[PDB]
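Here we start with a single chain on its own, the form deposited in one PDB entry, put down as structure tokens.
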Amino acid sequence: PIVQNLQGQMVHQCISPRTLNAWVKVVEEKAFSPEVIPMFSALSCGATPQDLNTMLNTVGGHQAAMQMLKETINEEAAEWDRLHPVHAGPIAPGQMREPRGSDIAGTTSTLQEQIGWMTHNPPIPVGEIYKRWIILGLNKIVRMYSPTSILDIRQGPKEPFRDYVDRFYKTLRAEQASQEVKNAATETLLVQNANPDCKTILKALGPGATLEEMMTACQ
């Protein structure tokens, strides 16, 4: 990554064994459960595009996902190039060239060029731009591997309400409902999919009940 030293200048630092191991292990253990994404984001704090490729490349399984990811990155790169075409021909000697899509994705740029962009005044944030494309791709993957429609999360006759809600919001998260839909469903689908005894209790609370109030009600 690029970090501030103890004296406040922005410099490159090797990606650490702990970072490298953390990411590989979270993928091994969690696959593409939605919480992997914010872990990815945090593990790649200050990453260069080189570092982001490193992390992605160190993944051994899930090659279908990695290939889908590549496709997403290629799509974003191509859009970047549509918006920000670069001058063909020789670079001004000693000067910084403009990044293309593939430069941002780290496949046609050097670490040195990446460092130059990221520490320019002002910075051309190639790491942050690439991380956004990657996360966009990872979110498609999370949705793809979400095994269950919210429509099939229904409370079991002896299933504690709490356990049901946990299933319900876990599914909505993977299915990638917006936060509006998540805040909203408390008044609707959550109640509909509840079991008969809880549904009656909830129906009776009236509208505007918090999730806390619903969960207390059916405890």
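Take the two forms, find the largest set of C-alpha atoms that superpose within 1.5 Å, and that set is the rigid core. Note that residue numbering follows the sequence shown and begins at 1.
Compared with other entries of the same protein, residue 90 falls in the group left without coordinates by at least a third of them, where both flanks are modelled. Residue-level annotation: residue 182 lacks coordinates in a third or more of the other entries compared, counting only those that model residues on either side of it. Stretch comparison (45 to 53 versus 182 to 190) by mean CA B-factor in the PDB entry places 182 to 190 on top.
Legend: mean Cα B-factor per stretch from the PDB entry, 26 to 34 versus 173 to 181; the higher mean is in 173 to 181. Taking only the listed residues 73, 104, 141, 96, the entry reports the highest CA temperature factor at 96. When the Cα B-factors of 158, 154, 162, 62 are read from the PDB record, 158 comes out highest.
Among the modelled residues of the chain, residue 210 sits in the highest third by CA temperature factor in this PDB entry. Among the modelled residues of the chain, residue 77 sits in the middle third by CA temperature factor in this PDB entry. In the PDB entry, residue 19 places in the lowest third of its chain by CA B-factor. Annotation for residue 115: CA B-factor lies in the middle third of the chain's modelled residues. Sorting the modelled residues of the chain by their CA temperature factor places residue 125 in the middle third.
Although it is not shown, the form deposited in another entry is what the next lines describe.
After superposition on the rigid core, the C-alpha displacement between the shown form and the other one reaches 2 Å or more for just one residue among 31, 181, 151, 66, namely 181.
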